[PDB]
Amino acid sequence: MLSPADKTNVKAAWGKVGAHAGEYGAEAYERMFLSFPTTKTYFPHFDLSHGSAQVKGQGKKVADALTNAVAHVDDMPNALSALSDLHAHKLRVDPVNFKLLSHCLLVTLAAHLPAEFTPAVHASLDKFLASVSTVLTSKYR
């Protein structure tokens, strides 16, 4: 459960991401594909080389979804409804992989937001990505 203080922390940090959200989303996927190569089994149809348009596009769509969730943090299930259907009925990514991407997004943010990534903010971001992952897997069965 996200506390009011967590909500404030996430909104502050995501606000400082600003217009770079899509680049950061793409870097998080590149980081996950290199560190955790079994995640590449869900993208056999992708050119996975560095800077591919497919990876940059995936980055931008995932950033947009996270921005929607930050703006609707009190109503995530309803705001992410279409994405929770798509992941449950069509993509069917095993739920363990959401923890690996969340880790790689946290590394990406740490490496680009030196001033903002304090212990308390790290804790709030980790909880927020765990809650998003929970909403996206809620309709799997």
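Numbering starts at 1 and runs along the sequence shown.
**Student:** Check the entry's C-alpha temperature factors for 30-38 and 80-88, then say which stretch has the higher mean.
**Tutor:** If you average the C-alpha B-factors of 30-38 and of 80-88, the larger mean comes out for 80-88.
**Student:** Which is higher in the entry, the mean Cα B factor of 112-120 or that of 96-104?
**Tutor:** Per the PDB record, 112-120.
**Student:** Of the three thirds of its chain by CA temperature factor, lowest, middle or highest, which one includes residue 13?
**Tutor:** As the PDB entry reports it, the C-alpha B-factor of residue 13 lands in the highest third of its chain.
**Student:** Sorting by Cα B-factor within the chain, modelled residues only, which third would residue 2 end up in: lowest, middle or highest?
**Tutor:** Highest third of the chain for residue 2's C-alpha B-factor.
**Student:** Considering every modelled residue of the chain and its Cα B-factor in the PDB entry, is residue 63 in the lowest, middle or highest third?
**Tutor:** Its C-alpha B-factor, which the entry lists for residue 63, ranks in the middle third among residues of this chain.
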